[PDB]
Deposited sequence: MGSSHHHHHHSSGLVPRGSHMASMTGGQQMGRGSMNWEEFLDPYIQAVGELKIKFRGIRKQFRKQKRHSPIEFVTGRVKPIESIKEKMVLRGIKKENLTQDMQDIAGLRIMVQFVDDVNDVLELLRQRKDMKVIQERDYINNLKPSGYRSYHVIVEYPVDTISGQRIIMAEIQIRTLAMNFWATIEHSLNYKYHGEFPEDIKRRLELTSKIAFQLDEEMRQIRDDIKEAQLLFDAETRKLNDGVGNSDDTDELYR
């Protein structure tokens, strides 16, 4: 396995997806409207994480491109829970990628992980030709991302097997995350209105 080469079209894809997705927000703002997207991050999944996923899901290297969904990973940070579906409508109507899988972890008991996962096939032109790669786009509130980022690191270290205090701290914290979001979305029309006074 030569990773630097295999990974090249995913590095490119993250870069293009970043600039494409950051332009949705520019468009809304130029039209002086509320933007469903607040900002956008993204990175190629590290070589070690790919190998683990390969061991865990049983994906051979010859089947990486066709079978692994989240090598390129993108994050669309939205302000309100409600903004997720608007980001979704936009993503589904794009023609430079095709949506091939959605998974809703937002309606997913007011507690635990909260996020929305979209897998897209993205054609990337390289110097040796076109490659169809898969990218995982996660859509999140600021609070959702705050928690998911923390739970994810703790998780690595403990390999999913949490102490008791951690466990209940993660759940407690998770419910606070939800409350903050649940509260703000209710006055969301009002906040948007205030911000639209630029």
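Residues of the deposited sequence lacking C-alpha coordinates fall in the stretches 1-34, 143, 234-255, numbered from 1.
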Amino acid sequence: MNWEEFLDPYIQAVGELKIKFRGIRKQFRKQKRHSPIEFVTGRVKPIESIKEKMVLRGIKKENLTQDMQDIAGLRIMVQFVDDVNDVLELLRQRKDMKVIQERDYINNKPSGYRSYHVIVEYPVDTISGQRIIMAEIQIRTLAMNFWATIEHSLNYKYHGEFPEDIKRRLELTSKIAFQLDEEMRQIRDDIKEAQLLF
From here on, numbers count along this sequence of modelled residues.
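Taking the PDB entry as given, 124-132 carries the higher mean Cα B factor of the two stretches 95-103 and 124-132. The stretch with the higher mean CA B factor, choosing between 110-118 and 73-81, is 110-118. Looking at 144, 150, 166, 37, the one whose CA carries the top B-factor in the deposited record is 166. As recorded in the entry, 157 carries the highest CA temperature factor of 140, 26, 157, 43. Placement of the Cα temperature factor of residue 185 within the chain: highest third of the modelled residues, per the deposited record.
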